[PDB]
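# Observations on the model geometry
The chain contents come next:
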Amino acid sequence: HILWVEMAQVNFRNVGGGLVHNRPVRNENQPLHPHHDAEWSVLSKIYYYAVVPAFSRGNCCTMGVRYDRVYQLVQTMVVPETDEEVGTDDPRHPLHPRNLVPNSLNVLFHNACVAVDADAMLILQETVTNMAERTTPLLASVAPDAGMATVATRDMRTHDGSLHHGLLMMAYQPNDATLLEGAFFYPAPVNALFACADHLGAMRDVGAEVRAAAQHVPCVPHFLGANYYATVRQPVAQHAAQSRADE
Amino acid sequence: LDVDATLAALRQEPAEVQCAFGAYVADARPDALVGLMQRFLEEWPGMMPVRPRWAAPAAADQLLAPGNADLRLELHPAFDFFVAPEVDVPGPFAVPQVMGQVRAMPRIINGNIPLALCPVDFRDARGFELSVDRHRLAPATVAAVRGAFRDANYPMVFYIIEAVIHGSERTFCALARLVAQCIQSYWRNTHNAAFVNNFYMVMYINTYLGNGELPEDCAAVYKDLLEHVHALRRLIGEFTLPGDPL
Amino acid sequence: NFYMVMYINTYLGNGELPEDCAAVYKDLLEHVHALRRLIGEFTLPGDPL
Amino acid sequence: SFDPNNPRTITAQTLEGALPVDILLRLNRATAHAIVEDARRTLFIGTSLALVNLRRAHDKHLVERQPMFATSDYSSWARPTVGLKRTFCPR
Amino acid sequence: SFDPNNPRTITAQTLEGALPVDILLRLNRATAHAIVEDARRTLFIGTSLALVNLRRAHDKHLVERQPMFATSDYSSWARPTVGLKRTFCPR
């Protein structure tokens, strides 16, 4: 259990076993206490197992992210020196084409046709005070509880994993070249529900045959629990994908 | 919960090793965590000589054909019986070549009954039974959330902001202004939602911005998506007799 | 033109199009996607012959 | 710049004159097959040169033109390449 | 501030130069693995220092930044601590 980290010691390449508490709390900063009530995780589980597959219908995918390059991009911003904010009409505004240099971060905000002010743009400087090293797989191992607690079930334990500091993207956009395909997110499917097939194409150096044989089988890796040792087998994932019930 | 005799009565047959994918988990040394997918995808076609059974279930009726190789292993409503290599799990990242065995593992959930023995129609009908006069989602809310989830040109800057916030607390009350501007822009752009992929974000939206900088027809979505999860949480509360911690 | 109506909602999409006009091209592509997914369920999965 | 009733008189020497307006207005006041198509060919080249000259003259007052597409990367290891949608850059 | 074709030439001495625009424009005009990542590392630190310097320069003209969260209390017995939502404080 490690606490907040700064630009001082980030060490993206760390591969050890250690997870971060992002500025552990709001106020306290005392040793080793969780900063949310128990039912919080229950509501999270409800949301991710009961409402997401209701709307997505087997499209989402848990994605492993490249925390080095996202930070390498949030830093390079382009803003001039003005006392007062004037608006997007003025050639000093950070969204006007003149001060839009190539491969900056402002060009991305223009790719989405969103409208922002230079102040909120500069606000992004706060993020370097609590980093996020990497995304890592986990692997739980629990035994059956007091219900299925027969002598002949003492060792029939389960195996399920999850991502720490991961990210779930909704629908893959393969047909754009405004960015590299596997730029910031590499596919890391954790469960049979959150495992599409178009996201494997985002992974650099994809095989000529794996993608052909990737539609009819969920591509969950064999270091994140298989379909038989997990608490959420395939039939429930198949259910949410081939029914039509007014969402 | 007595399957001790069934295993002893099933292993008398030598082996029926057909594949090894769906019934083997391996621990990984803390090597690369981004290149593990590289090492796995390259090995994957070597783990599936023939098609894995659990992946594509047999059929609705052809499961009851007088000759298929699945009735031989579906003989209890509360368990699963498959074939897996003769190792102790987890195992090495390279899959071994040992003669198989027949293991067992209880379905912890009723949803894990294969579709051939619990048709999707009955499941939808049970859901629609439970769905009456409990709580719903106004069509405006769901039209927005599905439009969001079904979009194919979702602005990547939102994913960047998600990855950089990573569900903290200080950073969200720091970036509230930018997040509000983004939500407002996207709403007045395509009449959808935003940040719906993450859960901590959809919580922070309605617990911090809420009555404030968001429009009166945009905050309704983010309040509906939370009150619905709240009703879902309350659901299991009235399907449990008051008992004692066991 | 097919490539045209695809590039429309790929690049233009959320951008210069009004809040309403882009829905036409979005629907015209989601329909083709649904028709593509149709045949995806009428073939029992097997091995390439 | 030339006379229309004779196709044999058009060439790079006379078409260098000015913008495509001169070409079109010359062709407007008119009053074997190898001659006319050879003439069509150099006329095409001449009008292309006229059009690029017009664009030079008008582009002396416009914004710089960025590369539209990402992924062409030489110093990639430092920055991630990001293209630009030429939705509007008018001046 | 440096030449792109050589990664061994970037360091805190040369990156102190100016705002991230100089870094990005330098990387824009380009034309074993340990060298390039060590270079990536100090380049990251350099651009962070550049960004905090830019924020200093622009923040010399902005409003004071209050504590956002309540409940951190030293003289609590007198006043009840109340945070501030940074919804908009632009100038």
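Within each chain the numbering goes from 1 in written sequence order, not necessarily matching the entry, and residues lacking coordinates are not shown. Chains and ligands are labelled by the order in which they are written, letters from A for the one and numbers from 1 for the other. Values throughout apply to the part shown, which belongs to a larger assembly of chains. Based on all heavy atoms of the structure, the side-chain values leave hydrogens and waters out of the count.

Structure determination for this entry is recorded as cryo-EM, at 4.43 Å resolution.

## Examining the pattern of salt bridges
Each salt bridge in this description consists of a side-chain nitrogen of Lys or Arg and a carboxyl oxygen of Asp or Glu lying within 4 Å of one another. Enumeration according to the criterion identifies 11 salt bridges over all chains in this entry. The partner of A:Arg92 in a salt bridge is A:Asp90, and the shortest N-O contact between them spans 3.6 Å. Using a 1.4 Å probe on the protein chains alone, a residue whose accessible area is under 20% of its type maximum counts as buried, one over 50% counts as exposed, and one in between counts as partly exposed. Of the residues examined, A:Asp90 reaches a relative accessible area of 16% and is grouped as buried. With a shortest N-O distance of 3.5 Å, B:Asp31 and B:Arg39 are connected by a salt bridge. A relative accessible area of 45% means that B:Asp31 is categorised as partly exposed.

## Side note on unusual backbone geometry
The bulk of non-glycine residues show a negative phi, and the bulk of peptide bonds are trans. Residues and elements named next belong to chain B. Look at the link from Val 89 to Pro 90: it is a cis peptide, with omega at -5 degrees. Even without being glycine, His 191 reaches a positive phi, approximately 55 degrees. Residue classification places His 191 among the partly exposed positions, given a relative accessible area of 44%. In the Ramachandran plot, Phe 195 falls in the positive-phi region, its phi being about 60 degrees despite a non-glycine side chain.

## Points about the interface of chain A and chain B
Note on contacts: a residue pair is in contact if any heavy atoms of the two residues lie within 4.5 Å. Taken together, the contact between chain A and chain B spans 97 residues of the former and 99 residues of the latter. Buried area: the accessible area, evaluated with a 1.4 Å probe, that two parts lose upon being put together, summed over both parts. When residues of chain A are sorted by the area they lose upon contact with chain B, A:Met170, A:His222 and A:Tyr228 head the list and together hold 10% of the total. For the salt bridge of B:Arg146 with A:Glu247, the shortest nitrogen-to-oxygen distance reads 2.8 Å. Two N or O atoms form a polar contact when they lie within 3.5 Å of each other; inside protein one atom must be a possible hydrogen donor and the other a possible acceptor, and for residues adjacent in sequence the pair counts only when both atoms belong to side chains. Along the contact surface separating chain A from chain B lie 13 residue pairs in polar contact. A run of H or I in DSSP counts as a helix once it spans at least four residues, and a run of E counts as a strand once it spans at least two, with each numbered from the N terminus. Of all the elements in the fold, those that place two or more residues in the side of chain A that touches chain B are α1 (39-56), α2 (67-74), α3 (106-111), β2 (136-140), β4 (167-169), β5 (185-187) and α5 (234-242) of chain A. Residues were grouped as follows: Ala, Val, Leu, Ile, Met, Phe, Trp, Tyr, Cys and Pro as nonpolar; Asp, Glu, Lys and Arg as charged; and all remaining residues, including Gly, as polar. Considered class by class, the residues forming the side of chain A that touches chain B number 61 nonpolar, 25 polar and 11 charged.

## With respect to α1(A)
Residues and elements named next belong to chain A. A helix is expected to span 1.5 Å multiplied by its residue count minus one. Over its 18 residues, α1 runs 25 Å from end to end, which matches the ideal 26 Å to within 8%, given 1.5 Å per residue. At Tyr 47, α1 shows its maximal bend, which comes to roughly 30 degrees. Buried within α1 we find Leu 43, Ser 44, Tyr 47, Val 51, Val 52, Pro 53, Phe 55 and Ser 56. Downstream of α1 by a residue or two, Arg 57 has a phi angle that is positive, lying close to 55 degrees. Here the bend at a residue means the angle between the axes of two seven-residue stretches, the one that ends at it and the one that starts at it.

## Some points on the interface of chain C and chain B
Listed by partner, the interface residues are 10 residues for chain C and 9 residues for chain B. Carbon and sulfur atoms make up 37% of the area that chain C and chain B hide from each other, which totals about 740 Å². Taken together, chain C and chain B are joined by 1 salt bridge. Taken together, the connections running from chain C to chain B amount to 3 residue pairs in polar contact. Going through the elements one at a time, α1 (2-12) and α2 (21-39) of chain C are the ones with two or more residues in the side of chain C that touches chain B. Counted by class, the side of chain C that touches chain B contains 1 nonpolar, 5 polar and 4 charged residues.

## Description of the packing of aromatic side chains
Stacked, tilted and edge-to-face are the three classes assigned to paired rings of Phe, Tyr and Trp, where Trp is represented by its six-membered ring and a pair needs centres within 6.5 Å; plane angles under 30 degrees give stacked, over 60 edge-to-face, the rest tilted. Within this structure, the stated rule accounts for 27 aromatic pairs over all chains. Ring centres 6.1 Å apart and planes at 65 degrees place the aromatic pair A:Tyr229 and B:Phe82 in the edge-to-face group. Here A:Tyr229 is found in the loop between β5 and α5, whereas its partner B:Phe82 is found in strand β1 (residues 80-85) on a different chain. Among the residues examined, A:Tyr229 registers a relative accessible area of 6% and is labelled buried. In textbook terms, an aromatic cluster arises when at least three aromatic residues are bridged by ring pairs, as seen for A:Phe184, A:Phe185, B:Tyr154, B:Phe158, B:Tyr159, B:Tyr186 and B:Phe195. In this scheme, the term charge over a ring applies when either NZ of a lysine or CZ of an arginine sits within 6 Å of the ring centre and within 35 degrees of the ring normal. Just above the ring of A:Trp4 sits the side chain of A:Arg23; from NZ or CZ to the centre is 4.9 Å. For B:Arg39, the ring lying beneath its charged end belongs to B:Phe93, and the centroid distance is 5.2 Å.

## Section: the packing of helix α5 (residues 156-165) of chain B against helix α6 (residues 170-190) of chain B
All names here are of chain B. Working convention: axes come from line fits to C-alpha atoms, limited for helices to the stretch in contact. Angles between N-to-C directions cover 0 to 180 degrees. It is at 12 Å that the axes of α5 and α6 come closest, and there the two elements cross at 165 degrees. Viewed along their axes, α5 and α6 adopt a mutual orientation that is roughly antiparallel. The way α5 lies across α6 gives a crossing that is left-handed. Each of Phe 158, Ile 161 and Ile 165 in α5 lies in contact with α6, whose residues at this interface are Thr 171, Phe 172, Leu 175, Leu 178, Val 179, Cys 182 and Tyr 186. In terms of residue class, the contact of α5 with α6 is built from 9 nonpolar, 1 polar and no charged. If an angle is under 35 degrees, it is roughly parallel; if it is over 145, roughly antiparallel; if it lies from 65 to 115, roughly perpendicular; otherwise it is oblique. Should the near helix be turned counterclockwise from the far one by less than a right angle, the crossing is left-handed, whereas a clockwise turn marks it as right-handed.

## Details of α6(B)
Residue and element names in this part refer to chain B. Helix length check: α6 (21 residues) gives 30 Å between terminal C-alpha atoms against 30 Å at 1.5 Å per residue, within 8%. Most pronounced at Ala 176, the bend in α6 amounts to some 60 degrees. Counting buried positions over the 21 residues of α6 gives 17, a clear majority of the element. Looking one or two residues beyond α6, the residue adopting positive phi is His 191, at roughly 55 degrees.

## Thoughts on the arrangement of the chains
Contacts between protein chains span 8 pairs of chains, and they are most numerous for chains A and B. Left apart from each other, chain C and chain E have a closest C-alpha approach of 25 Å.

## Some remarks on a nonpolar patch on the surface
All names here are of chain D. The grouping of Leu 19, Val 21, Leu 25, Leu 51 and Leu 54 at the surface amounts to a nonpolar patch, some 430 Å² of accessible area in total. For the nonpolar patch, the secondary structure elements donating two or more residues are α2 (20-28) and α3 (33-59). You can see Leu 54 is positioned in helix α3. A relative accessible area of 36% places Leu 54 in the partly exposed class. Only residues whose relative accessible area exceeds 30% and that form no salt bridge are eligible for patches; like-charged ones are grouped when within 9 Å, while nonpolar side chains (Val, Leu, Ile, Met, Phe, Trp, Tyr) are grouped when within 5 Å. Accessible surface is estimated by sampling points in the Shrake-Rupley manner with a 1.4 Å probe; for residues, cover comes only from the protein chains shown.

## What to know about the environment of A:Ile2
Residues and elements named next belong to chain A. Locating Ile 2 in the fold gives a position in the segment before α1. Measuring from C-alpha to C-alpha, the distance between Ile 2 and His 164 comes to 14 Å, with 162 residues separating the pair along the chain. Discounting chain neighbours no more than four positions away, the residues touching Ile 2 are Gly 18, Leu 19, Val 20, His 21 and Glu 133.

## Points about the sheet that holds strand β1 (residues 61-65) of chain A
All names here are of chain A. Following DSSP output, two strands are said to pair if at least two bridges run between them. Across the sheet, which stays open at both edges, the 3 strands sit in the order β4-β1-β5 with antiparallel pairing between neighbours. The outermost strands of the open sheet, each flanked by one partner alone, are β4 and β5. Within this sheet the neighbouring strands show an average axis-to-axis angle of 50 degrees, counted without direction. Bridge count between β1 and β5: 3 bridges; the pairing is antiparallel. Considered in β5, the bridge of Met 63 is made with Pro 187.

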